[PDB]
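Quick one: structure below, then a few questions.
Chain lettering (A, B, C, D, E, F and G) follows the sequence in which the chains are written, and residue indices restart at 1 in each chain.
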Amino acid sequence: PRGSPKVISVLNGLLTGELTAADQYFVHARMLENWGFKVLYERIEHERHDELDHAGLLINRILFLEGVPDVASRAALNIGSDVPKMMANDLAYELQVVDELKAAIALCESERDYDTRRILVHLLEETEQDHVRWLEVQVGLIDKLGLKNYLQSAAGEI
Amino acid sequence: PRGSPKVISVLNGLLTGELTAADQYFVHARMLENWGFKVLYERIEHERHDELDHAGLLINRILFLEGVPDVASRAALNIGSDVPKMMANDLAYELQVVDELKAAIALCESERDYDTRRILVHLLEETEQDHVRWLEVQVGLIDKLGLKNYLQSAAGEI
Amino acid sequence: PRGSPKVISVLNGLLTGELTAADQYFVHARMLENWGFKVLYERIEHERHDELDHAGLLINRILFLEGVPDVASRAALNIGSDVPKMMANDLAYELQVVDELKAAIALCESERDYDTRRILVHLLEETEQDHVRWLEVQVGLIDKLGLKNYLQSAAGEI
Amino acid sequence: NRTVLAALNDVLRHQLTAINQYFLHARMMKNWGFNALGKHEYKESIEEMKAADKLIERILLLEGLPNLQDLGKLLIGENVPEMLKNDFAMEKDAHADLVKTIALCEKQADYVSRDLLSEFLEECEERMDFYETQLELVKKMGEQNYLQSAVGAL
Amino acid sequence: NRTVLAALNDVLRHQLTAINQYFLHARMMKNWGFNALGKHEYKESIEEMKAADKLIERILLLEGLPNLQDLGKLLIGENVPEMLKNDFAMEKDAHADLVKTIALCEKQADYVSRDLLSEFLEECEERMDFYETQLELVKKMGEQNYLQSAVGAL
Amino acid sequence: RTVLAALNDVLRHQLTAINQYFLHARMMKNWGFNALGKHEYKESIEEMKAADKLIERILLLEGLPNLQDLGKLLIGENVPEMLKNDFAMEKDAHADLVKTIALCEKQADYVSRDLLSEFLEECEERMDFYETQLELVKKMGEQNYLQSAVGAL
Amino acid sequence: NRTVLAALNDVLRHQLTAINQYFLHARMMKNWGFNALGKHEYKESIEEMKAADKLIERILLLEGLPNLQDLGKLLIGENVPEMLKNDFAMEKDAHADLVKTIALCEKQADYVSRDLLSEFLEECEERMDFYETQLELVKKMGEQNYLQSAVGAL
């Protein structure tokens, strides 16, 4: 069924954010694997897979709404030179995604697109309870355990 | 969990008694195995393991109450020359241990240290229903069956 | 088969050493469990049971040689205030028993007691390649990992 | 008995306070990512809930009215060492009351209540042992090492 | 914001009061031999604890401090129909407060909180329907037949 | 010897409880109350096991168990009467057991004391069960209680 | 019939006395360490209680009042040969009573209880044979050998 132009635009913005997040998490996971932080690499790989799943859901919604997805568009990438900076950059990007998701949910509610609102609410739940929560936990553990102990935990068994 | 000095002292005394019981049971089981009484050897190996477990419980309690578990101290041993003397010595020693345990239970109830009282009641129950009872049964069986029949039963399969 | 007074005497000395080691290992394992060092506690408990088996082997050999085991006598115990002193004392006692076992093996060879020599060589092999080796490894790990990291590994999963 | 029922009500008030404090501490531990310590605190919370269940059934046995309204002061810490010390503190201050209650139950010839409270005392003393051990482990291995062990699997 | 945290803490206090009320009612129901009704009430109490668990998670995630100290007034019933009426009434009041909280969360663009509270509302209205129909069952089949059903297998 | 006499009195009551519970269970099964009869059969069996434990304890004390004596059996003519008779016998059990436990604590004898304490735990559980059964009879009506006690037809 | 019910009550009293005697003898056999003889005495006790269950059900089905109050004189042996002799003598009395009761039940044309008592008499005669054989084995093989056999596994 035909969708609103505003709904399509906010969905395309969310898709651009999700694709950029997936690419950033991909590079971060690979640089963590390169550095030997196996458990961090596994977690960030799973998070990247979740990001691809969310992007797929967004593209399905966009096509269902008879819109054209903007997959060529990519946002700026903030790549960290070490694990604390990587965690901070991922957390900041996920926070911006959270704000954009909340704005899009409000727009969908105003535009009477309740199915899109349900999809975006599920995405916001995933971003807040799985992604943002884990990253904030990681920064807290970096500050509590210390960088050396946190990196020892991140490396895992060798 | 600092306990009363009297409770710690009597627990150390019980520990000394229990370790001496373990040593006596060890020697008696070894000489019963040497003589070919494998059934009695198995029973007394079980009993010596039980006494080691009791000594472990006592040491754990003394360490919980911020006390120093004395283990270097031993009481005089009573090694039996033959199986009836083994039974008599083990029975007499276990009865004396029962008397000490009852005194310790009364004192522990007096000092309102009820967890130690529960541990000591468990130890007294094990000493009375399992160790003292079996030794009384063995003495009565040596009396009724006669020495030769009892030793034949103790030998088992030759 | 008659056993010479010298062979039985050195076997009794070795048995006294094994029993004293069993008591020291008992106390050390119990205080390790008290402090929450679970991994070290399980290891030391297994080593103490190994010492009990060694003492049983010695008692059986002494009783074969028609000699009365010396189970009551105990050497002076050396209980460590903390883990590094604990394991330094354990290593020192193990080295002492290693020298005693070597002297006993030489005497057994000099006296044509080849089966006793075999049992003592098995005891020395176990002592050197299991007890002494692990203790020297533990001291090296205390030096290398540091006390805090070594205690973290000793505590295991809390 | 009136005195025994009042003492059991006070013990139950302790039990409910301990349940709430344990569960809150476990929840903030999970929030901070201390998965192992959070799991253990959740288990101790659940055990306290089972003990309070036993106590409420015992009070209803004695034809009394269990008091699930009163709650003691909740000692909530800002960091893991403060949680451990607060938990051990409440366990000790209530262990003394449990001992006094067991003495009272022995006085009044109430022996099933005495048996239940003795079991509660054994579990409580194991808990104090665990928490004193945790504080000494923090002292020994260090704050950062203990926090790393509390996190467990990243 | 502080308003959303205050609303969530109010809902959490409602949850804790419901937990205590359900557990007390189940305890007295099995004290009186109402095994089936007591089992259902104990299960509902467990579900309320799971809900309070989720609420504490959400409050901690929102950089807040859950209030596990404050508790509401417990409507302890003198018999089974009074327990049903008390539980139904407190569920009605909690449902009204929950609806207000959901509206406030939607107003503040707090959508994950709205999802959690919508789940809470679904479960709460399921309970409310259950207690309403149990009171109507007491009416329809009589008090003695309802008590016979509430006891279940002897 | 006082501990032995007290244990013998507890054993006499336990034998009487065995007999009363078994006879009540058999009467309930004769009337068709299968659920109540099964529960009373289980209670009699538990009291048989309790008497077994107490006879073991008395013999361990080098005493002579007095299995000859038996207390009066309170036999009921209808189900509520047998319920209250069981309850009264259990109340007497509880009083005697508490006196016995205090005596055992006084005589520095602790193993028979923990045996009597667990016995008192089951006895208080049974007391609660029978008081609850009587209150349930009152609550649902005798007809409904008998219907439940029948179980499956 | 009244006489049949009185005879059934007498046989029930005999069976209850036998139950008590057999269980006591089993318990002191286990106290002395005669595990195998104690196990056989325990099994014999259990069979006598199953027989008393059958007899009680028969008395009730005849619309009669079972007399579980009465009990005969317990013959308690100081040693195992005396235990076996006492068990055999009590079985002698029980068998004579059973034969008379079976004759009476046949006379009154009450055949179901007669068949139940025939089963009881078969078991009683088997018990006669077992105890007579045990005493004869004692005499043949010596008290010490018989006691060693009664111990079985040490």
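Just so it is clear, contacts are C-beta pairs under 8 Å (C-beta built on N, C-alpha and C of every residue); 3 or more make two chains touch, one makes a residue touch a chain.
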Repeat of the A-D interface, chosen from B-G, B-D or A-E (over half of contact pairs identical by residue number): B-G
Winner on C-beta contact pairs when A-D is weighed against B-D: A-D
Subunit C-subunit D separation of Cα centroids, rounded to whole Å: 41
Mean-CA-position distance for subunit G and subunit E (Å): 61
Computed distance of Cα centres, subunit G from subunit D, in Å: 56
Multi-partner residues of subunit F (at least 2 other chains): 60
Overlap residues in subunit B, where contacts from two or more other chains coincide: 64
Residue ranges of subunit D touching subunit B (in the complex, touch as defined): 99, 102-103, 118, 121-122, 125, 128-129, 132
List of subunit B residues in touch with subunit G within their complex: 39-40, 43, 137-138, 140-141, 144-146, 149-150, 152-154, 156
Subunit B residues within the subunit C interface of the complex: 19, 23, 26-27, 30-31, 33-34, 52, 55-56, 59-60, 63-64, 69, 71-72, 74, 76-77, 79
List of subunit E residues in touch with subunit A within their complex: 61, 109, 111-112, 115
Residues of subunit E that touch subunit F when the two form their complex: 31-33, 144-145, 147-148, 151, 153-154
